[PDB]
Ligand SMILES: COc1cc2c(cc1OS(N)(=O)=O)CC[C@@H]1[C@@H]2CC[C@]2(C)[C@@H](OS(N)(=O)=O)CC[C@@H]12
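Shown next as structure tokens: one chain only, the form deposited without the named molecule.
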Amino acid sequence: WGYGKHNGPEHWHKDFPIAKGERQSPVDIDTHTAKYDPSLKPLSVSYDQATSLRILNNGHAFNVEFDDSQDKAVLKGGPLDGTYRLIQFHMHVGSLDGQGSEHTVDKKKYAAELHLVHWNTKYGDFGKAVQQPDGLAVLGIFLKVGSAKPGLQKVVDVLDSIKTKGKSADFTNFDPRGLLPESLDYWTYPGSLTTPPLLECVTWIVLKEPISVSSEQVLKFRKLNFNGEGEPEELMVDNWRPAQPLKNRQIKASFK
């Protein structure tokens, strides 16, 4: 699987029939039909003691992995029940500033979308969590081009080390709090992982407020490669899945 004409999103259902399931992601967020829900508590993001380990290019995206042996960087509150541990974060980026995000707001696409993946501690490990309808919580952050996001520069600086598929580099002492917008207002709905295996185990929390990155920063996020060292160069751009039918789901908004 990949993002090409021959193994891209339209071909996934052949190996993962769940691609055609009832709670697939991403979806388009129609701001007018989203239900404001007051009973939604505010999100509680506690990343003060987070511990990043490595950054790697897996041929699908760059991923920053965190030590999730204990509750050091967790997500609680909002529509969640229980504590969810941060396991990793990755980015989907487009080839042009007008595309790149997976979720769309009223059909509007952003330049990129950051996904911070969390798993429900009541399940013990990540592997068990992906067997439960409420095993994961993914916080989605939109990116638009504007001013530079200093909190992302550390990632930008190291992309040289992990240019090709399979490369990895130590990436300790990285603070994920630097990736957050000022506001934590969000939309939430039950969905799935957006890459194979596409398991429907995710409670999506998509932040209303995008963050900005400079054009120079986004230029560098577009210089990674899907290919392995020594293969023809295929730039890692447009690694995103198109919106899926909402079907029998309602999107809730934590704000009006």
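Residue positions are given as counts along the sequence shown, with the first one as 1.
Set 144-152 against 123-131 and average the Cα temperature factors; 144-152 ends up higher.
In this entry, 154-162 shows the higher mean Cα temperature factor of the pair 154-162 and 84-92.
The PDB entry assigns its highest CA temperature factor, among 66, 62, 47, 187, to 47. Between the residues 27, 53, 199, 206, it is 53 that shows the highest Cα B-factor in the PDB record.
Compared with the other modelled residues of the chain, the Cα B-factor recorded for residue 31 ranks in the middle third.
Ranked within its chain, residue 174 lands in the middle third, by CA B factor from the PDB record. Among the modelled residues of its chain, residue 73 has a C-alpha B-factor that falls in the highest third according to the deposited record. In this PDB entry, residue 23 carries a Cα temperature factor that places it within the lowest third of its chain's modelled residues. The deposited CA B-factor of residue 11 belongs to the middle third of values across its chain.
The next section is about a form of this same protein that is not shown, the form solved in complex with the named molecule.
Although the partner is absent here, residue 81 is not a contact residue: none of its heavy atoms lies within 4.5 angstroms of the named molecule in the deposited complex. The named molecule is not drawn, but in the deposited complex it has a heavy atom within 4.5 Å of residue 194. Contact between residue 40 and the named molecule in the deposited complex is not found at the 4.5 Å heavy atom cutoff. The named molecule in the deposited complex is approached by residue 138, whose closest heavy atom lies within 4.5 angstroms of it. For the options 45, 56, 218, 27, the residue carrying a heavy atom within 4.5 angstroms of the named molecule in the deposited complex is 56. Of the residues in 231-249, none comes within 4.5 Å of the named molecule in the deposited complex through any heavy atom.
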